[PDB]
Amino acid sequence: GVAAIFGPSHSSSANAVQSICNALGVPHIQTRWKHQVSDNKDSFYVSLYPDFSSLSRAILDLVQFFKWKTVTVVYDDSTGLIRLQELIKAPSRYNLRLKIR
Amino acid sequence: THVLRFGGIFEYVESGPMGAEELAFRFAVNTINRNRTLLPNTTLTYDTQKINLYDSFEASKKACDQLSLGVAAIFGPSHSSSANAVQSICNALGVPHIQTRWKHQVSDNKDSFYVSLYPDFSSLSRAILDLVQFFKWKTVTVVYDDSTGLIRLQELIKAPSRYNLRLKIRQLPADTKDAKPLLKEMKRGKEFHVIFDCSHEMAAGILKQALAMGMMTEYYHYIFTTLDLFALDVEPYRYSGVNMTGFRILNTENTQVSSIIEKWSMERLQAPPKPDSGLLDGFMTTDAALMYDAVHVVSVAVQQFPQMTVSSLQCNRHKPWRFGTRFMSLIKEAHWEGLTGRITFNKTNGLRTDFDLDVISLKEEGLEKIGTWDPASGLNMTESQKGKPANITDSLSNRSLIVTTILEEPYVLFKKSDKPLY
Amino acid sequence: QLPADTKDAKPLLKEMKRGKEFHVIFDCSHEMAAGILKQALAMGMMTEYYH
Ligand SMILES: *[C@@H]1O[C@H](CO)[C@@H](O[C@@H]2O[C@H](CO)[C@@H](O[C@@H]3O[C@H](CO[C@H]4O[C@H](CO)[C@@H](O)[C@H](O)[C@@H]4O)[C@@H](O)[C@H](O[C@H]4O[C@H](CO)[C@@H](O)[C@H](O)[C@@H]4O)[C@@H]3O)[C@H](O)[C@H]2NC(C)=O)[C@H](O)[C@H]1NC(C)=O
Ligand SMILES: *[C@@H]1O[C@H](CO)[C@@H](O[C@@H]2O[C@H](CO)[C@@H](O)[C@H](O)[C@H]2NC(C)=O)[C@H](O)[C@H]1NC(C)=O
Ligand SMILES: *[C@@H]1O[C@H](CO)[C@@H](O)[C@H](O)[C@H]1NC(C)=O
Ligand SMILES: *[C@@H]1O[C@H](CO)[C@@H](O)[C@H](O)[C@H]1NC(C)=O
Ligand SMILES: *[C@@H]1O[C@H](CO)[C@@H](O)[C@H](O)[C@H]1NC(C)=O
């Protein structure tokens, strides 16, 4: 008997607990970014982490304030491309020259 | 042994025909039961259940329902949110979990009991990257549809750090295939060499927007990352002069492999048509070709192991299955000349990273094979064509005109200097 | 000249691509101007280079 679930903090472990909280009704408060699938029809959760859909505007505002033309974006795990996808689509509109490593 | 029940977790079409992957799982069991050559004294029985494909609580309940009455494999829920939930149930219980669809393997997964019959994109992304170097490109415009499509092509995005490609990564609109404000930007950017990463439903849909825009001509090349170009209607696009290169793994040239495809259109016999979509007859696409292989590769491993008496395992009181560790290796070192080429798994993972592709392209006579990719060799193109004599001219050039010239005073004499003269 | 009555004018329009002929002055009826332009779309000839 609980009134919340506080966010097991993974991408594979959080998605499994989220759909349990959706079917049972209890809220699922997350504190870490997660690859939220475009059609997971769940709204019984809140995600208290600054979303990389908006935080990667801020890196994009910062790399055009310093006027960089030769950025060299370096991630560590393959879910880092989802985090910075608003920055990787930026040479299609600005004059950045990315080089992802 | 005896009955040897399998398990299946499939989609929820909701008052129509059953899915493409579900008939392919039910056509494969009915074929092996009647052919007494493969699996002689067994009789395979299937158990299929229905989930929403997006609910990892229904996929976890309908897995532990099948694990309760006894299965010997779980043939995949085929979606990233719910495949990872059934994978870890199959890990804690022992029973294998045969997958026919690419999901993101999380790096610290530590899961032993799964194999994936979909060709892994560590090898496919090194096969687009050799078609952007055989065709000698410098400007590519990789287009995907959802945010997972960056992970599928991550060995294509890490390419300008080794070569001279200049990627211009774009994204289709959210789900609507009215991608004209995308394609208006691709005309003004002079982007001729697009590398679409759609499905075969959207590669039939974006190309009707690329024909309404003035973009299906001889100036545009299109590499597709779908293994279903052969089931694509290309009758409007054949005379344009376009180039539509891609891949297919399904052996539509072999006799025993092609004959099952017309048996597939015979047993289906309705294949619910949509003549304004841009797709051909069903043709047993790669999503359903692999499920026909997934039953046979396991059927090899039960042929080589006649000790399986499938027992009733719980889900809340989980106990590892008795023959779980022994039987999982027989799936993983199995080999089968199936529909999709040879089937061998990467013995570290359980991922197909060794597989034969064909490099089919669009010509004026249809959509024809031009080569063959092979991960050991590379592009073995069968380029070697005659349809028109060679492009402009060959090279006659400098030749440097060597001159026989002796040294002699003030005609030809050496120079004296301080620094060396060469 | 278009082929006799059949609107399958693709061997005409193949010659008009190789001749670099961008500025065509069709003298059809409105039944054939609806018919040749579906052959000029199946050929790669309905773009911004053609008037
Ligand atoms: C599945 O099992 C396979 C083998 O059984 C494991 O091997 C991986 O896959 C290939 C096969 O060797 C490797 O990729 C190849 O690397 C060559 C050079 O890359 C080197 O570069 C770095 C530094 O730049 C080195 O440090 C490193 O050691 C690499 O070896 C490329 O030239 C190859 O390209 C050619 O082969 C591909 C086939 O994939 C074809 O498209 C063409 O013929 C192309 O010319 C290729 O890129 C890869 O490095 C191997 N290792 C890893 C870790 O991926 C896999 O490990 C295993 N899969 C897993 C564990 O997921
Ligand atoms: C790319 O497209 C070109 C046409 O734009 C193809 O070249 C033609 O191939 C057909 C084969 O039947 C013939 O008409 C000629 O050999 C070619 N025509 C011209 C004008 O060159 C080419 O084969 C395509 N290449 C690939 C890899 O798809
Ligand atoms: C049974 O399968 C074999 C290959 O395993 C194949 O030749 C055919 O489909 C079947 N054999 C006969 C004699 O029908
Ligand atoms: C038929 O079943 C028996 C079990 O009594 C088994 O030993 C035999 O191998 C089976 N036949 C074939 C051809 O496998
Ligand atoms: C490529 O395919 C041809 C076709 O028969 C074959 O002879 C050849 O051995 C293959 N490999 C290479 C490296 O050319």
# chains A, B, ... in the order shown; residues from 1 in each chain; ligands from 1
$ residues_around --residues "segment 61-65 of chain A" --least-positions-apart "2" --cutoff "12 Å" --atoms "only C-alpha atoms" --output "MDAnalysis selection string"
chainID A and resid 54:59 67:73 86:87 90:91 94:98
$ write_last_selection --atoms "N, CA, C and O atoms" --output "short mmCIF file (atom, residue, chain, number, x, y, z; two decimals), in the first residue's frame"
data_model
loop_
_atom_site.label_atom_id
_atom_site.label_comp_id
_atom_site.auth_asym_id
_atom_site.auth_seq_id
_atom_site.Cartn_x
_atom_site.Cartn_y
_atom_site.Cartn_z
N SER A 54 14.88 20.56 -24.13
CA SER A 54 14.99 21.99 -23.91
C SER A 54 16.39 22.38 -23.45
O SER A 54 16.83 23.51 -23.68
N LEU A 55 17.10 21.47 -22.79
CA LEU A 55 18.44 21.81 -22.33
C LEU A 55 19.43 21.85 -23.49
O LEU A 55 20.45 22.54 -23.39
N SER A 56 19.14 21.16 -24.59
CA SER A 56 20.02 21.21 -25.75
C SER A 56 19.68 22.36 -26.69
O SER A 56 20.31 22.50 -27.74
N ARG A 57 18.67 23.17 -26.35
CA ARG A 57 18.66 24.53 -26.86
C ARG A 57 19.72 25.37 -26.18
O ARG A 57 20.33 26.24 -26.80
N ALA A 58 19.94 25.14 -24.88
CA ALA A 58 20.83 25.99 -24.11
C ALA A 58 22.28 25.77 -24.51
O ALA A 58 23.07 26.71 -24.50
N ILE A 59 22.64 24.54 -24.87
CA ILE A 59 23.96 24.30 -25.44
C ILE A 59 24.02 24.88 -26.85
O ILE A 59 25.06 25.39 -27.28
N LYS A 67 30.16 31.81 -31.08
CA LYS A 67 30.34 31.77 -32.52
C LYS A 67 31.29 30.67 -32.95
O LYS A 67 32.27 30.93 -33.66
N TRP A 68 31.02 29.44 -32.54
CA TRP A 68 31.86 28.32 -32.94
C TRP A 68 31.44 27.81 -34.31
O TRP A 68 30.26 27.74 -34.63
N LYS A 69 32.43 27.44 -35.10
CA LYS A 69 32.18 26.84 -36.41
C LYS A 69 32.71 25.42 -36.46
O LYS A 69 32.49 24.71 -37.45
N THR A 70 33.43 24.98 -35.42
CA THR A 70 34.11 23.69 -35.44
C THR A 70 33.87 22.87 -34.17
O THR A 70 34.84 22.41 -33.55
N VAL A 71 32.62 22.70 -33.77
CA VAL A 71 32.25 21.88 -32.62
C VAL A 71 32.58 20.41 -32.87
O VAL A 71 32.61 19.96 -34.02
N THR A 72 32.87 19.66 -31.79
CA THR A 72 33.33 18.27 -31.87
C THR A 72 32.64 17.45 -30.77
O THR A 72 33.29 17.01 -29.82
N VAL A 73 31.30 17.41 -30.82
CA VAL A 73 30.44 16.74 -29.84
C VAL A 73 30.89 15.33 -29.48
O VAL A 73 31.00 14.46 -30.35
N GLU A 86 18.81 17.82 -30.69
CA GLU A 86 18.48 19.15 -31.17
C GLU A 86 19.74 19.93 -31.52
O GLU A 86 19.68 20.96 -32.20
N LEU A 87 20.88 19.45 -31.05
CA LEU A 87 22.18 20.00 -31.41
C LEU A 87 22.75 19.37 -32.67
O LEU A 87 23.44 20.04 -33.43
N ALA A 90 21.35 20.83 -35.97
CA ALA A 90 21.70 22.24 -36.17
C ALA A 90 22.56 22.61 -37.38
O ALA A 90 22.42 23.74 -37.86
N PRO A 91 23.50 21.75 -37.92
CA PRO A 91 24.12 22.11 -39.21
C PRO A 91 23.18 22.19 -40.40
O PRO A 91 23.56 22.72 -41.45
N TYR A 94 22.12 26.16 -39.28
CA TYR A 94 23.20 27.12 -39.05
C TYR A 94 24.44 26.71 -39.81
O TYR A 94 24.40 25.80 -40.65
N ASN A 95 25.56 27.37 -39.53
CA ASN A 95 26.82 27.03 -40.18
C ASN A 95 27.79 26.37 -39.20
O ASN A 95 28.98 26.69 -39.20
N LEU A 96 27.30 25.49 -38.33
CA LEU A 96 28.19 24.65 -37.53
C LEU A 96 28.76 23.54 -38.39
O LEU A 96 28.20 23.20 -39.44
N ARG A 97 29.89 23.00 -37.97
CA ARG A 97 30.47 21.82 -38.58
C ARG A 97 30.75 20.86 -37.42
O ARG A 97 31.79 20.96 -36.75
N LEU A 98 29.81 19.97 -37.16
CA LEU A 98 29.93 18.98 -36.10
C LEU A 98 30.96 17.93 -36.50
O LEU A 98 31.30 17.77 -37.67
#
$ residues_near_ligand --ligand "ligand 5" --cutoff "8 Å" --atoms "only C-alpha atoms and all ligand atoms" --output "tab-separated table (two decimals) with C-alpha atoms, in the first residue's frame"
chain	number	residue	atom	x	y	z
B	372	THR	CA	26.31	-8.38	-52.99
B	377	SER	CA	34.66	-9.25	-47.90
B	380	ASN	CA	31.45	-7.32	-54.18
B	381	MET	CA	29.71	-5.20	-56.82
B	382	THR	CA	28.75	-6.88	-60.08
$ residues_near_ligand --ligand "ligand 2" --cutoff "9 Å" --atoms "only C-alpha atoms and all ligand atoms" --output "ChimeraX atom specification"
/B:135,217-221,239-245,360-368,370,383,385-389,391 /C:18
$ write_last_selection --atoms "C-alpha atoms" --output "PDB file, in the first residue's frame"
ATOM      1  CA  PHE B 135      29.299   6.061 -54.980  1.00  0.00           C
ATOM      2  CA  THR B 217      14.835  13.134 -61.321  1.00  0.00           C
ATOM      3  CA  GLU B 218      18.309  11.971 -62.351  1.00  0.00           C
ATOM      4  CA  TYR B 219      19.989  14.451 -59.975  1.00  0.00           C
ATOM      5  CA  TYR B 220      18.852  12.655 -56.817  1.00  0.00           C
ATOM      6  CA  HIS B 221      20.143   9.440 -55.282  1.00  0.00           C
ATOM      7  CA  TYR B 239      11.231   6.128 -65.891  1.00  0.00           C
ATOM      8  CA  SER B 240      12.342   9.228 -63.963  1.00  0.00           C
ATOM      9  CA  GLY B 241      16.025   8.390 -64.114  1.00  0.00           C
ATOM     10  CA  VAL B 242      16.261   8.265 -60.318  1.00  0.00           C
ATOM     11  CA  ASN B 243      18.560   6.048 -58.332  1.00  0.00           C
ATOM     12  CA  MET B 244      17.078   4.163 -55.395  1.00  0.00           C
ATOM     13  CA  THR B 245      19.761   1.927 -53.948  1.00  0.00           C
ATOM     14  CA  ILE B 360      19.314  -4.003 -55.218  1.00  0.00           C
ATOM     15  CA  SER B 361      18.840  -0.771 -57.192  1.00  0.00           C
ATOM     16  CA  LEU B 362      16.360   0.913 -59.536  1.00  0.00           C
ATOM     17  CA  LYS B 363      16.814   0.586 -63.292  1.00  0.00           C
ATOM     18  CA  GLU B 364      14.428   1.124 -66.176  1.00  0.00           C
ATOM     19  CA  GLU B 365      13.505  -2.576 -66.305  1.00  0.00           C
ATOM     20  CA  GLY B 366      12.454  -2.754 -62.643  1.00  0.00           C
ATOM     21  CA  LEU B 367      14.288  -2.997 -59.331  1.00  0.00           C
ATOM     22  CA  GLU B 368      17.274  -5.272 -59.897  1.00  0.00           C
ATOM     23  CA  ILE B 370      23.552  -4.899 -58.807  1.00  0.00           C
ATOM     24  CA  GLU B 383      28.948  -3.389 -61.631  1.00  0.00           C
ATOM     25  CA  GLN B 385      27.738  -3.329 -67.219  1.00  0.00           C
ATOM     26  CA  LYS B 386      27.069  -2.239 -70.778  1.00  0.00           C
ATOM     27  CA  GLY B 387      24.121  -0.020 -71.584  1.00  0.00           C
ATOM     28  CA  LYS B 388      26.029   2.919 -73.083  1.00  0.00           C
ATOM     29  CA  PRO B 389      29.722   3.283 -74.127  1.00  0.00           C
ATOM     30  CA  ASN B 391      31.361   8.325 -70.223  1.00  0.00           C
TER      31      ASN B 391
ATOM     32  CA  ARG C  18      18.675  14.093 -74.398  1.00  0.00           C
TER      33      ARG C  18
END
$ closest_atom_pairs --of "chain B" --to "ligand 3" --cutoff "9 Å" --atoms "only C-alpha atoms and all ligand atoms" --output "CSV"
residue,atom,partner,partner_atom_place_in_ligand_line,distance
B:31,CA,ligand 3,9 (O),8.4
B:32,CA,ligand 3,1 (C),7.7
B:34,CA,ligand 3,1 (C),8.6
B:35,CA,ligand 3,1 (C),5.0
B:36,CA,ligand 3,1 (C),6.8
B:37,CA,ligand 3,1 (C),5.1
B:38,CA,ligand 3,5 (O),5.3
B:256,CA,ligand 3,9 (O),7.4
$ residues_near_ligand --ligand "ligand 4" --cutoff "8 Å" --atoms "only C-alpha atoms and all ligand atoms" --output "list in words"
residues 1, 37, 39, 40, 41 and 42 of chain B
$ write_last_selection --atoms "C-alpha atoms" --output "CSV table (one decimal), in the first residue's frame"
chain,number,residue,atom,x,y,z
B,1,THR,CA,9.8,-36.4,-26.2
B,37,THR,CA,11.9,-34.7,-42.5
B,39,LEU,CA,11.7,-32.8,-36.4
B,40,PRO,CA,10.4,-36.4,-37.1
B,41,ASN,CA,8.9,-37.6,-33.7
B,42,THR,CA,7.8,-34.3,-32.2
$ select_by_dssp --residues "segment 232-266 of chain B" --states "helix (DSSP H, G or I)" --output "list in words"
residues 255, 256, 257, 258, 259, 260, 261, 262, 263, 264, 265 and 266 of chain B
$ write_last_selection --atoms "N, CA and C atoms" --output "compact mmCIF listing (two decimals), in the first residue's frame"
# COMPACT_ATOMS: atom_id res chain seq x y z
N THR B 255 15.19 -21.24 -55.30
CA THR B 255 13.95 -21.90 -55.69
C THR B 255 13.12 -22.29 -54.47
N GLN B 256 13.75 -22.90 -53.46
CA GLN B 256 13.01 -23.31 -52.27
C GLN B 256 12.59 -22.11 -51.43
N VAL B 257 13.31 -20.99 -51.57
CA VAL B 257 12.99 -19.81 -50.78
C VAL B 257 11.86 -19.02 -51.44
N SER B 258 11.87 -18.94 -52.77
CA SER B 258 10.84 -18.17 -53.46
C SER B 258 9.50 -18.89 -53.44
N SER B 259 9.53 -20.22 -53.40
CA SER B 259 8.29 -21.00 -53.49
C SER B 259 7.44 -20.86 -52.23
N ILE B 260 8.07 -20.53 -51.10
CA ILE B 260 7.32 -20.34 -49.86
C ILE B 260 6.55 -19.02 -49.91
N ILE B 261 7.05 -18.06 -50.70
CA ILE B 261 6.43 -16.74 -50.79
C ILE B 261 5.10 -16.81 -51.54
N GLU B 262 5.01 -17.62 -52.60
CA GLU B 262 3.71 -17.78 -53.25
C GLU B 262 2.80 -18.70 -52.44
N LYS B 263 3.37 -19.56 -51.60
CA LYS B 263 2.55 -20.26 -50.63
C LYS B 263 2.04 -19.30 -49.56
N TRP B 264 2.81 -18.26 -49.26
CA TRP B 264 2.39 -17.26 -48.30
C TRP B 264 1.23 -16.42 -48.83
N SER B 265 1.29 -16.04 -50.10
CA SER B 265 0.19 -15.28 -50.69
C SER B 265 -1.01 -16.17 -50.97
N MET B 266 -0.83 -17.49 -50.95
CA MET B 266 -1.94 -18.40 -51.15
C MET B 266 -2.68 -18.66 -49.84
$ interface_residues --of "chain C" --to "chain B" --cutoff "7 Å" --atoms "only C-alpha atoms" --output "ChimeraX atom specification"
/C:42-44,46-47
$ residues_near_ligand --ligand "ligand 1" --cutoff "6 Å" --atoms "only C-alpha atoms and all ligand atoms" --output "list in words"
residues 123, 126, 127, 346, 353, 375, 376, 377 and 378 of chain B
$ select_by_dssp --residues "segment 254-378 of chain B" --states "strand (DSSP E or B)" --output "list in words"
residues 336, 337, 338, 341, 342, 343, 344, 351, 352, 354, 357, 358, 361, 362, 363, 366, 367, 368, 371, 372, 373, 374 and 378 of chain B
$ residues_around --residues "residue 39 of chain C" --least-positions-apart "5" --cutoff "9 Å" --atoms "only C-alpha atoms" --output "PDB file with C-alpha atoms, in the first residue's frame"
ATOM      1  CA  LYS C   7      -0.747   9.232 -75.718  1.00  0.00           C
ATOM      2  CA  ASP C   8       2.140   6.930 -74.819  1.00  0.00           C
ATOM      3  CA  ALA C   9       4.582   9.647 -75.912  1.00  0.00           C
ATOM      4  CA  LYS C  10       7.529   8.395 -73.885  1.00  0.00           C
ATOM      5  CA  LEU C  13       9.933  12.634 -74.333  1.00  0.00           C
ATOM      6  CA  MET C  45      10.519  16.326 -66.706  1.00  0.00           C
TER       7      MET C  45
END
